[PDB]
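Novice: Let me see the structure of the following:
(4 chains)
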Amino acid sequence: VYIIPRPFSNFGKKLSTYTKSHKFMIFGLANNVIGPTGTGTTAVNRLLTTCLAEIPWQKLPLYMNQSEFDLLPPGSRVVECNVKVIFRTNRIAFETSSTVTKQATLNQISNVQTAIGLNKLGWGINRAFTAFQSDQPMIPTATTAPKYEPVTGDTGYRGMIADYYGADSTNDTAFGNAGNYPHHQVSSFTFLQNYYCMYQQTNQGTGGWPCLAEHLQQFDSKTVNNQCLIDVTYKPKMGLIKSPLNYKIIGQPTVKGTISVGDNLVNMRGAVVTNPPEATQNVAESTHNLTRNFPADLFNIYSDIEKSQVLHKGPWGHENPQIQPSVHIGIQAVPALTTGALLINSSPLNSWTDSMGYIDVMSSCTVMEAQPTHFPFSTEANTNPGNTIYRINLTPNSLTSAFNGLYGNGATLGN
Amino acid sequence: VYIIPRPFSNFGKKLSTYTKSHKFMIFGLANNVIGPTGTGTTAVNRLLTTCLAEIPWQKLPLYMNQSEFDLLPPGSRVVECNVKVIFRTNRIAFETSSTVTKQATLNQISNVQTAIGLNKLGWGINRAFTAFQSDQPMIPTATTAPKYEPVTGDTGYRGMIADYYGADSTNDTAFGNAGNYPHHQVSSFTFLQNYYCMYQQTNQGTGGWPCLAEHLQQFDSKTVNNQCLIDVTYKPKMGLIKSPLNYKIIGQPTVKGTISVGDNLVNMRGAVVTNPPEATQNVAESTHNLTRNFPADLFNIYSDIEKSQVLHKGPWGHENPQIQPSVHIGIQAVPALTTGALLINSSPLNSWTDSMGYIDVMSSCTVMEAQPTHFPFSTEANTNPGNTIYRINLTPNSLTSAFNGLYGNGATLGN
Amino acid sequence: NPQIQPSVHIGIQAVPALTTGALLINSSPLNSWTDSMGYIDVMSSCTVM
Amino acid sequence: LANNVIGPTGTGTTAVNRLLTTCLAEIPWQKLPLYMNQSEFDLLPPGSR
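Specialist: Numbers count the residues shown, from 1 in each chain, chains lettered A, B, ... in the order given. I have put the structure below:
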C-alpha cells in the first residue's frame, strides 16, 4: 500500500515559573476593638477585627512583576501557584516609658495564629488598611477598602507592584534617595497592608459574634518559630490571565457564508448562570432564589496594569459553549496582640504592647500557553469556537472580593 | 541553619514542529544543450545543464507557511529540518504524431537520478527557471535567476509561498475560478521551478566540463520507484529565523553610566572574518588571499515577507562577542531525459521525449525559542551581551546563493 | 612571551541586611533602621614564589 | 547599611545616574596587603608571582 503522510503543525507550549521571597511584616493589631461602619453609607454596622494579615496569593504581582506578566502570550493561564511562609519571628516592645500602664518587662508572651479558608469560605471580610490609635496603639481605627493596587487622594500611597519592584529607570515618584524602592529585588521588608475582620450590622438580622477562634489555629510562636506554617497552594479553576485566543471566522456555510445568526437546537445546557437571593425579613430573614442565565465572548482586561487584577475567574470566564463555579481560597498569618503588664487594677483589658512579626513568604506559580494558527494566511494566534472562551459582563464588579461570600462572591461593592 | 531561598523565573521554551506533503513535478530536461551567457553582461560564458530539480530545503516556506512563520517570537531559530522524497513515478510521452522523428513506442526506458551536496559543495550553480524549445522540447533555453520568491515584469509569475498556500481571503490575484490555488493545503501538484547546472566561460581560465556523473547517483527509476530516495536533513549551524533578542542597557558603571565606549583588552579573537581571493592570471590563474575582519549588532530582516529569506546564516550572524562558518547542504531529485526512438540515421542524439516525474516530498522542521526578561519593568523580551547576537553588514548580498561556492558563498550577484 | 589569554579575579562580599526599627502602627513606609554592626572574622593567605 | 536608599550620581559629572545600595561589605582579596604586609611584599624577588 502507500498512504501519503499528512501535514502537521505542532505548536509547542511555553510553560514558565516564577518565585519570590517577600519579607512581610505584621503588627499585633490589638483584638481590634470593633469599628462601626467604615462608611457614612452603611453607618450602622461593625467590624470585629483580627490581626490576621492577608497574604495576596491571588493578586498576580505577589508572584510575578511587571515584565514577566507583561510578556505573557494570549491565552496565558496560571496553572497552579503556591505560598509557603515561615514564622521567622516577632518582636515585642519594651516599655521604658514607665508611664503608663504599662509596666516595663523583659518577659514576653506572644503567640502566632494562622488561618486559611476563613476569608472566602466563612463569614467575614478583608477590610483593611486602616487609620489608628496612640500608645497602646495596636487596636486600630478607620476600616477602608483593602489595598492591593495603589490608592490616592491626589498624593497616593501604595502600589503592591511597585512596593515589591520599584519604579522605572525614569519614573520620578520613585528611584531617589528616598523614593519607592525595589524592595523585593533587594530584600526588604515591607508590610502586609491588609488585615482581616468580620462585619455585621444592627437590626436587619441578629444574634452575636460567631467564633473565629475555631477557624484559625494558634501556636506559641516561639515554638512554631523559624518554622514554616504556611504552605498551601491553589490551582485556579480558570486562570486565563491574558486576553484569550481569538477563534477565527473562516469556515463555511452560514458560519461565514455571512456574519448573520448560525443558531442551533442542541438540547444541552450551554450558558453561564445566576443566583439572586431575595433576603426580606421581619425579625430574622426569609429568602428566595431565582436562577438567571446569561451570555458570552467580549475580552478580559483593560488598562494593561490589570496585573493588579484578580486571579481565579471561575464565575465569569466560561470557556467554549459550557460551564462551572469556584473561589480562590484565602490565607492569613499573624500574632495575637501582646497584652501590657497592666498591674493590679485592670479589670478591663485594653492595654496593648506594640509588637511586629517578620513573616518570610515565598511565592511561585506556573502560567503557560500555546500560540497556534490554523489558517495559512491568518494573522494572529488562532483557534476555534471549539473552545474560544467567553466572558459574562455586568454593570458593577463581578464577584467583588472585598466583601463576604455566600460561597461565590456577591457581585456589588462593600464599605 | 536557615538560608532564605532565592527567586527564580524560569522562562520556558516554545518548541514547535512543522510538516508538509508537497507534490512536486519535474520534467526530463534534455541534457541541456548548454546555453551561452544568460546575460548580456557575462555574454561569453555557459551553462551545462541537468534536469536535477532543486528542492528548496532552505527556503522557509517549504516547511511552514505565512502564519506559522509570522507568529514566531524573536530569537526563533530553526533547529533541524528534514526532507524525504519518494520517486512516486515518472511519465513519458507517446509519439502519435508519427511525425518526427520520433517513432511512436510503448517501450520505455527512463532512469531517476538524485544528488546532494553538489550544489553548494561542488562547482555549479542553481540558475534556473528558464525559456524554451518546441517538440523534442525538453532541452531548454533562457537561464535566469532561480525563482523562490515571486517575480514580475509588472505581470508577475510565481510565489513559492502562495504556490503552496493560495491567497488571502480577500486577495484578488488569487482566490477565483482560476487564480493562485491553495495547492498544498489541498493536494496539488506543483512544479519544482528551479533545475541545476554548471557555469564556465571562455579564456579567463580553461580545461573542459568536469564530471557531474560522479557526483549524483542514477537508478533505473522503475526499480527505485515508489520508494523514497531522499531523506537527508540539515540542522542549521545558525538559524535564527526571526529578529533576535535585544540585550538591555541597564547594568552599571560606564555600561550605562553613559552610552559612551566601554571597550576592553581581552586578548582573545572576537570579530567575524573575510577572505578576498585575488584571482589574476596569464594562461591559468594565480591567487592571493587577505583576511579582512569586521563589525557586529544591527537586525535581520525586513519586509516581513522575508520568510522567503534564506535559512542557514552561519557566515553573518555572529552570536555574542565570537565566531564560526558553514553552508546549508543542497538537494536534487529527477529523471535523465528519455531519448526519442530516432531510428536509423541518428548519428547525433538530440531528439527528446517529453517526460514528467511526480516526486512526493515531505518537509518538516522544528524552530523554537524563549521569551525571558530580567528587568522588573523592562518592556520587551530581553537578555544580555552575554549573547546578544550580531550581524555583519555589506553593500551587496551576503553569500548570494544563486552562484557557486568556494565552499562558503561568494557575496556578489550572478547572471 | 610571544602569546595570549583573558580572566578576572572573582569578587567576595560578607554582611547583615539591616535590622528594621520596631516602627509601630503607622509605618506604612519602611524606612527606620536600627544601627547594627557585624564582626566578621577573616583569614587570608597566599603562596607567591 | 540600610538597604541603601539609592544615591543619585556621586559625581557632578555623571549627575543623572544612581546606585542601588547593599550593605555587602567587600573583602579585598585581590589587594596584596590583605595577605602580606610591606616587608614580605617588599622582599619578593623579580618574577615573583
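
Novice: what does the stretch 1-150 of chain A have sitting close to chain C?
Specialist: With the criterion set to CB under 8 Å from any CB of the partner chain, the stretch 1-150 of chain A comes near chain C through A:25, A:27, A:91, A:93, A:129, A:132, A:133, A:137, A:138, A:140. Heads up, the C-betas are built off the backbone N, CA and C, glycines and all.

Novice: cool, the stretch 251-400 of chain A as well?
Specialist: So the stretch 251-400 of chain A meets chain C at A:354, A:355, A:356, A:358 (CB under 8 Å from any CB).

Novice: What's the PyMOL line that selects buried ones from these?
Specialist: The buried residues among these can be selected in PyMOL (16 or more other CB atoms under 10 Å in any protein chain shown) with this line:
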select buried, chain A and resi 354+355+356+358
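
Novice: Can you redo the residues of the stretch 251-400 of chain A next to chain C as a markdown table, where the extra columns are secondary structure?
Specialist: Below are those laid out as a markdown table (DSSP: H, G, I helix; E, B strand; the rest coil):
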| residue | secondary structure |
| --- | --- |
| A:354 | coil |
| A:355 | strand |
| A:356 | strand |
| A:358 | strand |
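
Novice: What is the nearest of the residues of the stretch 251-400 of chain A next to chain C to chain B?
Specialist: Distance to chain B across those (CB to the nearest CB) is lowest for residue A:358, with 11.2 Å.

Novice: ok, the closest one touching residue A:88?
Specialist: Yes - checked against CB atoms under 8 Å, the pair residue A:358 and residue A:88 is within contact range at 4.8 Å.

Novice: SS state for residue A:185?
Specialist: Taking three-state DSSP, the label given to residue A:185 is helix.

Novice: Just give the nearest non-adjacent residue to the residue in the stretch 1-150 of chain A that chain D sits nearest to, would you?
Specialist: Closest to chain D within the stretch 1-150 of chain A is residue A:23: 10.8 Å, counting by CB to the nearest CB. Leaving aside its sequence neighbours, residue A:23 sits nearest to residue A:189 (CB to CB, 6 or more residues apart in numbering or on different chains; 4.5 Å).

Novice: Surely that neighbour is in contact with residue A:359?
Specialist: No - under the criterion of CB under 8 Å, residue A:189 is not in contact with residue A:359, lying 9.9 Å apart.

Novice: Quick check: bridge partners of residue A:191?
Specialist: When assigned by DSSP bridges, residue A:191 has beta-bridge partners residue A:25.

Novice: Confirm for me that it is in contact with residue C:27.
Specialist: Yes - look at residue A:191 against residue C:27 with CB under 8 Å: they come within range, at 7.2 Å.

Novice: Wait, residue A:82 touches residue A:366, no?
Specialist: No - look at residue A:82 against residue A:366 with CB under 8 Å: they stay out of range, at 9.6 Å.

Novice: how about the most centrally placed residue in chain A, what does it touch?
Specialist: Central residue of chain A (CA atoms, centre = their mean): residue A:58, 4.2 Å from the mean position. By CB atoms under 8 Å, 6 or more residues apart in numbering or on different chains, the contact set of residue A:58 is A:234, A:310, A:311, A:312, A:328, A:330, A:401.

Novice: Which among those count as buried?
Specialist: If you count burial by 16+ other CB under 10 Å, the buried members of those come out as A:234, A:310, A:311, A:312, A:328, A:330, A:401.

Novice: Once you drop chain neighbours, what's closest to the fifth one?
Specialist: On the basis of CB to CB, 6+ apart, the spatially nearest residue to residue A:328 that is not a chain neighbour turns out to be residue A:312, at 4.0 Å.

Novice: Are we agreed that the one you found is in a strand?
Specialist: No - counting by three-state DSSP, residue A:312 is not found in a strand; it is coil.

Novice: Just to check, it is in contact with residue A:237?
Specialist: Yes - here residue A:312 reaches residue A:237: they are 5.9 Å apart, a contact under CB under 8 Å.

Novice: list residues touching both of these two?
Specialist: Residues within reach of residue A:312 and of residue A:237 at once, by CB under 8 Å, 6+ apart, are residue A:326.

Novice: Run a quick neighbour tally on the residue lying closest to residue A:117 once chain neighbours are set aside.
Specialist: In this structure, residue A:117 finds its nearest non-sequential neighbour in residue A:329, 5.4 Å apart by CB to CB, 6+ apart. Neighbour count of residue A:329, defined by other CB atoms under 10 Å in any protein chain shown: 17.

Novice: next one: the one 10 residues further on
Specialist: For residue A:339, the count of nearby residues is 20 (other CB under 10 Å).

Novice: Which single residue of the stretch 301-415 of chain A ends up nearest chain D?
Specialist: Counting by CB to the nearest CB, the stretch 301-415 of chain A gets nearest chain D through residue A:358, at 14.6 Å.
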